[PDB]
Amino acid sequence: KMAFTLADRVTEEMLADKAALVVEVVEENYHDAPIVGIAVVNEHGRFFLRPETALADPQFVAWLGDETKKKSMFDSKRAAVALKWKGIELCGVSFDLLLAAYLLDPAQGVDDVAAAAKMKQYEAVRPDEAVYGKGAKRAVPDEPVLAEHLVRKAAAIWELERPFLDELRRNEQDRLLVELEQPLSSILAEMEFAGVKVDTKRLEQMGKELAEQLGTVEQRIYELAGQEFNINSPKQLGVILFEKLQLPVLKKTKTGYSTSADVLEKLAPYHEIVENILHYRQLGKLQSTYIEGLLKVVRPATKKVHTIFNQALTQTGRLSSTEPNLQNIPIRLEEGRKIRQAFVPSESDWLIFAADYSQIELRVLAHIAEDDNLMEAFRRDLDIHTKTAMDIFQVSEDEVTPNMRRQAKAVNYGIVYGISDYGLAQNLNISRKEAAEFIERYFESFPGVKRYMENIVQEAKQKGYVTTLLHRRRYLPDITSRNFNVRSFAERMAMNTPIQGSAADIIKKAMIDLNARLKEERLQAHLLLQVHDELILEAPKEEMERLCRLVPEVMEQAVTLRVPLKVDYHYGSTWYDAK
């Protein structure tokens, strides 16, 4: 029902200087995954190509790699990386329908061309799931069915670029797509393909020492409970704690007794078993997620892990990291942080370099709220978290422990993002009236933040959405809901999203500027990871000193705010040492 040439060879008219291109990779993880077909729509017609013929044709390969041949695509990073795993470079991507749909409305959850097309009443294309099936039924359909699906996706991309660009323009988002998200997409593709090298000998050695310690703690838990049970099981654990041992019930879930860490540490006065259960879970978490889980995804011949950075997923414009998640490698407790010793540079005599923003969201907040006192604090390069810990725990800078700081940190963000006196009192183990008086005192010192919180909720009610500094957008229909709890969660999204999303915009601009500066300087250094406000690189040890000056400066200058941006940086032999 849609006309196309199922081509047997590449022709010159398939190589126009403007085209919609589909390079189809059906596997969710596209690393080293099969490319199952190719479609090209341009002014000359619609074309399907088998990949074993198109990807071995030197004129088609050249066309893919020529940046003056412009391509419109959907999820160009997936295609670019799958092509890198074929040894082929994709350049010239000038429109990405996925990133355009994400910028227009991240809540759509647009995961395929059909979902994006539906935003503009375009429906001459099927959802990927209807073509490929789900789960155990997932299959590449017969070639005629595949070819038409890929042609229809390309035809849709060809027709939808113009209306998506016009809405982006109206939203002040067209430069955000073309100068930020699309260049970032090529950078993420390089980081993912490069991967991170893992010391599997040390990982396996740690896992075996962990397996020993796990058994020891397990037996002492049984001995302390006077019986054995599935410590990982909520029912049995609840029975032991709150029926056999008759500990107080401080919280319930919809399922039954809550056993979360906040509850367990409140039960530490009552029974020593609860601290062994915490230690057990922590060791089990390291074993299952960060030892076994990492060894499961290491590519054995290179010892590399290749994460996927999802760029069109979070509602605030942050990235996320999948399979493995390299954005939540342990750091806070010493036992877990040692896992970062397994993350090593990918060449001999290279080093890991890490740089990160300090208190980025509070600085963003100070800029956006124009709060005089918060701006003055950052002009003094004050460490708000430490000073806040001094106030909470009535101690001096010398006496503020890491645990007191990271808890002061949760209070600092908690307050600006709508924590209640109840919530604060539970977190600080203080009374509820002390928590309420603390909160009003902090708003006395920072009335411009309080103003910003009120103004931004009212702006979300009037406009229907909130925006970030670089014009990222988030619709909040629940903000006018009659339901109190629904409306409350939406109000706290209105307070939080412009701040967190602006901090995401800044690190993204920093990554783009860093790549251009690294090229300008002809350095071999390259990005490996982003962790929200941190960039991890590797480089020859001979570049470390230049990077100590280049990277912080690129990050500090990514944008110009009413307060300065502060970057810390470290390097070393492993990711562990780059702190």
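Quick note: we count residues from 1 along the sequence shown, nothing fancier.
- Stretches compared: 4-12, 569-577. Higher mean C-alpha B-factor in the entry: 4-12.
- On average the C-alpha atoms of 219-227 have higher B-factors than those of the other stretch, with 219-227 and 121-129 being the two compared.
- When the C-alpha B-factors of 478, 181, 434, 459 are ranked from the entry, the top spot goes to 434.
- The entry assigns its greatest Cα B factor, within the set 257, 353, 357, 343, to 257.
- In the PDB entry, residue 405 places in the highest third of its chain by CA B-factor.
- In this PDB entry, the Cα temperature factor of residue 44 sits in the top third of its chain's modelled residues, the highest group.
- Among all modelled residues in its chain, residue 538 ranks in the lowest third by Cα B-factor.
- Among the modelled residues of its chain, residue 95 has a C-alpha B-factor that falls in the lowest third, as given in the PDB entry.
- Split the chain's modelled residues into thirds by C-alpha temperature factor. Residue 236 is in the highest one.
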